[PDB]
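Take a look at the structure below.
What follows is calculated from the coordinates using simple rules that are stated; it is not laboratory data. When we count neighbours, we look across all protein chains shown, and the Cβ atoms used for this are built from the backbone with ideal geometry, even at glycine.
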Amino acid sequence: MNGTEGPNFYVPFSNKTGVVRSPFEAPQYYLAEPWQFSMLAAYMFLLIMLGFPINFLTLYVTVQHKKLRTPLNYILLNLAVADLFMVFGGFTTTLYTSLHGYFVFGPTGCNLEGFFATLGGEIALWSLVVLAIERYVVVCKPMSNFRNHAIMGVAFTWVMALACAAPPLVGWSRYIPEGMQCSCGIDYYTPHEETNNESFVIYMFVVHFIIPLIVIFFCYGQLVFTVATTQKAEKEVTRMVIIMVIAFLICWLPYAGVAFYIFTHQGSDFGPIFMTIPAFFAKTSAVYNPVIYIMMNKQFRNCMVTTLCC
Amino acid sequence: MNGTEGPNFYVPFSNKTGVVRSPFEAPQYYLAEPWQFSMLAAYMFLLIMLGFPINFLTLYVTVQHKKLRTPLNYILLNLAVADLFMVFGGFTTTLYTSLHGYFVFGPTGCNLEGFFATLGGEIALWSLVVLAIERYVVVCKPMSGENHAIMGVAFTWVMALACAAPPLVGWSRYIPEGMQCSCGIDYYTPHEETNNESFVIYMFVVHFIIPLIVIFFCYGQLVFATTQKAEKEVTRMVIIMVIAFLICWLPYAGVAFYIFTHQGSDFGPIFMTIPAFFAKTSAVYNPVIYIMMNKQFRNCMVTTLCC
Amino acid sequence: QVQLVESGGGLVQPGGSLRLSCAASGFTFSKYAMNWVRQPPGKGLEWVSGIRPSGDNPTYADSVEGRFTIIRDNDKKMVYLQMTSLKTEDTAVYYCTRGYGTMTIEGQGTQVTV
Amino acid sequence: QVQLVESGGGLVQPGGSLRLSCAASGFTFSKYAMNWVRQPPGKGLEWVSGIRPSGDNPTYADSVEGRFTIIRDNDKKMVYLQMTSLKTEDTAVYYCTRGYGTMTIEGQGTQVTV
Ligand SMILES: *[C@@H]1O[C@H](CO)[C@@H](O[C@@H]2O[C@H](CO)[C@@H](O[C@@H]3O[C@H](CO[C@H]4O[C@H](CO)[C@@H](O)[C@H](O)[C@@H]4O)[C@@H](O)[C@H](O[C@H]4O[C@H](CO)[C@@H](O)[C@H](O)[C@@H]4O[C@@H]4O[C@H](CO)[C@@H](O)[C@H](O)[C@H]4NC(C)=O)[C@@H]3O)[C@H](O)[C@H]2NC(C)=O)[C@H](O)[C@H]1NC(C)=O
Ligand SMILES: *[C@@H]1O[C@H](CO)[C@@H](O[C@@H]2O[C@H](CO)[C@@H](O[C@@H]3O[C@H](CO[C@H]4O[C@H](CO)[C@@H](O)[C@H](O)[C@@H]4O)[C@@H](O)[C@H](O[C@H]4O[C@H](CO)[C@@H](O)[C@H](O)[C@@H]4O)[C@@H]3O)[C@H](O)[C@H]2NC(C)=O)[C@H](O)[C@H]1NC(C)=O
Ligand SMILES: *[C@@H]1O[C@H](CO)[C@@H](O[C@@H]2O[C@H](CO)[C@@H](O[C@@H]3O[C@H](CO)[C@@H](O)[C@H](O)[C@@H]3O)[C@H](O)[C@H]2NC(C)=O)[C@H](O)[C@H]1NC(C)=O
Ligand SMILES: *[C@@H]1O[C@H](CO)[C@@H](O[C@@H]2O[C@H](CO)[C@@H](O)[C@H](O)[C@H]2NC(C)=O)[C@H](O)[C@H]1NC(C)=O
């Protein structure tokens, strides 16, 4: 066989040799070199290391100031929350798993890793859907005198993200160790028809990928003929919405591509490095988002220093 | 049978019940409540969490700027280095050990925890000896810059390794303290063959009393324009740096003496562990002062951050 | 509700032949793969053979390389293992597992005593 | 170079008496404490008794509470265990350990067969 399927897991490595074992039992050092597992932990450490401070500052500064109550700030606080949920919920588990080289926590340990990895991306995705719609309403001016509405659109992101991330935990689809058996994600590997994860992958790529991206570029297409001082501040922040997407596309496409590749070519010959590289790469979502919010948005940066330098 | 001594370890808990085990084998949840071990990890996490960013920024900003080459900045960069050695060398080990509830790494794992804990304090101590002498030379003007500072910064590492290295050499030793999560010098067992009894004298003499004398000896000299205002605030920060160091390290140093005096007495695991973990704030508080009080630095920090 | 039958097998001559069966029920059969795994009286399970869902490429262990052969019927939902030129060590209880794994549904299999 | 002698002990009457000895050599004796620990033929070591360096407060297990008694000589470097009103289960190999622990330095021991 090419890969080795089990009840809980699927190891992308042939069990002709006899070496293959469950990643919920023993370490998976036969997959890749043991130093590469340490390299994961090294990488995954820095995500946790720069995760909390940047997100917690972004969380604190926004709430501390009675100002900063624009739709942009609500969403980018929502991300700062979700990014901390990623760090403490997900990254912790995968950083520990990288040390041991397997999910020593267990199948439930895998769920945590995959859950907040799925939330993080979906809450980032559905937030870019909100940001896409929000600038269409103000710039193109379809609906007049229509700017608490923001908090409703921020609750939208969590409603849709849990529509994606929760069902695996419910038992429709499932989180399963990916690549080096250190991260977790949706089962693209086994058909798992009883679990029905085949149908979920359609549901996910349709409802939680294609529809979002349509709405984004549908809104982006409106401002092709389009592109006072507040509009300059609008422009830079509307430009940041583009850069926020550009980053999101660079981040999540590779993983999403490989996820489709495996779903199409189930049972094919692919190693543990195939999926793990773009998977761990996509966990930069926790850190890059606020760095833009500081970097580009001048209004925030000023207030950040105010909080730091009291 | 108040405490339970072993080859590697000493557990501050009677083995009348039969429950006591090595902290290099099994978890020590019989000592304290298992949630208290999680509370350690929680506390110890935040030391690592605020450790790297504050120290790395302080390290980066100082080196990045071609300015900031005053003796103050050399020492407070030296601390920023040692504080990162604490975080990555020591705190990592004790944060992991707090999870499992015992030194799963092993006796060598204990050495790492105790080594950088000893360096951190000694490099902070001997740095305050340097700062004490440095302001005496400028203010009181007994003897009428850059190279001299780097020599006095190398002094701190020479003396700190005189304290921290010998345990690893095998004179004295690092041994799990309190909840068996941190490590430090053996104040508990006589272990005459290791000769840790004599080390404790050596340590409290050479690596505590002599430093503190030199500090207050210099402080005693200063009992009786604008550049001097900048001198004053930075010389005031030297006082605040000591004030913090005294608040930090006295409790641990006191309990260390108490146990050394009253070896084999009745004392629980919380006795030593509280002031021990409290003294690991040395990594974080030092630079916070260097930012807080020193205006000259703060400005340059924002320059680096806000490019 | 899954149900794998384990028909075919019994007492056979040393160096004889035997055709095994595995009637699958209660899942989309053609949508995934099936294997054969045996239980030697002494040591742990040996992965005998395997085959893809389409059935294009079969895979065999070195132990039974060329002697055994695997083939499946998607329409009838069956998996066969034509065993030829048998040996004493081939004596085991044969199970037909799903996916690509040694995880055996049901039990009993078929005691092929050589 | 440490050397703990394990003198005293042997064959004794059920409900008899016996005085044990432990001549210490090769360390600051009064600077350390000393214990007594026995090896039952079947189960693991039992911590019998212990005493402080000064010798002020001796400590005994519930097993031998009142029957046994411990005392040490700092000048001669010796530790004694006066065992009285013995039992069948007191049959064991007795070791005198250092510190406060059941860690026994290699010793002749003393097979006290009751
Ligand atoms: C990748 O591929 C490898 C290939 O080896 C595979 O490893 C094997 O995994 C299987 C699990 O499916 C293991 O099978 C079990 O082995 C048990 C014994 O294993 C130990 O002991 C043997 C010696 O006996 C050693 O050689 C070995 O190293 C182990 O230390 C065995 O007991 C199991 O079989 C019993 O239990 C099952 C389940 O209940 C039962 O169905 C069987 O009938 C059997 O019970 C028997 O019952 C009778 C009646 O009551 C009783 O009298 C008899 O004593 C029992 N039989 C025995 C043998 O005692 C089971 O076969 C297998 O050992 C692994 N191989 C190795 C090398 O150990 C990996 O799992 C694959 N990786 C993945 C995750 O895909
Ligand atoms: C705190 O106090 C407890 C009190 O029990 C100590 O626990 C005992 O530690 C001793 C240390 O030597 C153990 O002694 C050894 O036991 C072995 C067998 O133990 C297992 O098997 C028995 C049944 O046979 C079970 O009842 C038991 O639970 C264990 O699973 C023996 O094989 C050993 O004998 C060998 O070594 C000795 C060394 O002196 C030789 O003299 C012998 O000839 C032989 O080679 C040995 O006797 C004892 O088993 C432990 N008891 C328990 C709880 O199981 C703790 O160690 C102590 N803690 C600290 C930190 O000091
Ligand atoms: C492990 O995965 C590899 C792919 O990574 C599988 O190889 C594939 O095997 C099938 C069946 O033999 C090939 O399909 C056939 O290809 C030929 C030539 O292109 C074509 O004429 C036939 O009509 C048919 O489509 C497939 O091409 C091949 N893939 C490649 C490019 O190597 C392999 O079977 C897997 N191993 C097992 C047994 O799981
Ligand atoms: C455990 O330590 C306690 C002290 O913390 C010891 O108690 C002392 O015992 C001496 C006699 O040996 C008395 O003179 C003291 O007054 C006691 N101290 C107090 C105030 O409790 C105790 O003996 C120790 N246990 C052993 C057996 O070593």
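Numerical summary
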read-out	value
Residue (of A:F9, C:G15, A:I294) at the positive-pole extreme of the protein assembly as shown, dipole from beta-carbon charges	A:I294
Residue-averaged beta-carbon neighbours from other chains (10 angstrom radius) around C:92-102	4
Size of electric dipole in the protein assembly as shown: Cβ of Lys, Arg +1 and of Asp, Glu -1, about Cα centre, debye, nearest 20	2520
FRET efficiency for D:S25 and C:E106, using Cβ-Cβ distance with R0 set to 60 Å, rounded to 0.05	0.25
Mean separation of Cα contacts under 8 Å, 6 or more apart, over the residue count of chain D: relative contact order %	35
Whether chain A is rounded, prolate or oblate, judged on the alpha carbon gyration tensor where a/c under 1.5 counts as rounded	prolate
Relative packing of D:32-42, A:298-308, which averages over residues the other C-beta atoms within 10 Å, highest first	D:32-42, A:298-308
Simple spin-label estimate for B:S38 and B:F216 in nanometres, 7 Å along Cα-Cβ	4.4
Inter-chain Cβ neighbour average for residues D:50-62, partner chain, 10 Å	2
Length gained when the stretch A:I151-A:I202 is fully extended (0.36 nm per residue, less Cα-Cα span)	15.4 nm
The protein assembly as shown: C-alpha gyration tensor shape, a/c 1.5 cut-off, then a/b vs b/c	oblate
Förster radius 30 Å - calculated FRET efficiency between B:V81 and A:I273 (Cβ-Cβ, nearest 0.05)	0.25
Distance between segment B:28-69 and segment A:211-234 - C-alpha centres, whole angstrom	43
Net length gained if the chain between A:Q299 and A:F260 were fully extended (0.36 nm per residue, minus Cα distance)	10.1 nm
Which of B:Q36, B:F115, B:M86, positive extreme of dipole for segment B:34-192 (C-beta unit charges)	B:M86
Copies compared at C:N74 - label distances in nm, ascending, label defined 7 Å from Cα in the Cβ direction	9.2
A:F281 versus C:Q3: modelled label distance in nm, points set 7 Å from Cα along the beta carbon direction	4.9
Where labels lie 7 Å past Cα in the beta-carbon direction, separation of A:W172 and B:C140 in nm	8.0
C:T88/C:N57 FRET efficiency (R0 35 Å; Cβ-Cβ; nearest 0.05)	0.70
Ascending list, in nanometres, of distances separating the D:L45 label from those of the other copies (7 Å, Cα toward Cβ)	4.6
Partnerless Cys - chain B, beta-carbon criterion under 4.7 Å	B:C140, B:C163, B:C181, B:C218, B:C248, B:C300, B:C306, B:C307
Residues with amide H under 5 Å from that of D:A33, placed H, sequence gap 5 or more	D:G99
Charge dipole (segment C:3-112, unit charges on Cβ, about Cα centre) - positive-most of C:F68, C:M78, C:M103	C:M78
Dipole in debye (nearest 20) - segment D:3-112, about Cα centre, beta carbon charges: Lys, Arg +1; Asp, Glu -1	180
Proximal charge balance of C:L86 [Cβ under 13 Å; K/R count +1, D/E count -1]	+2
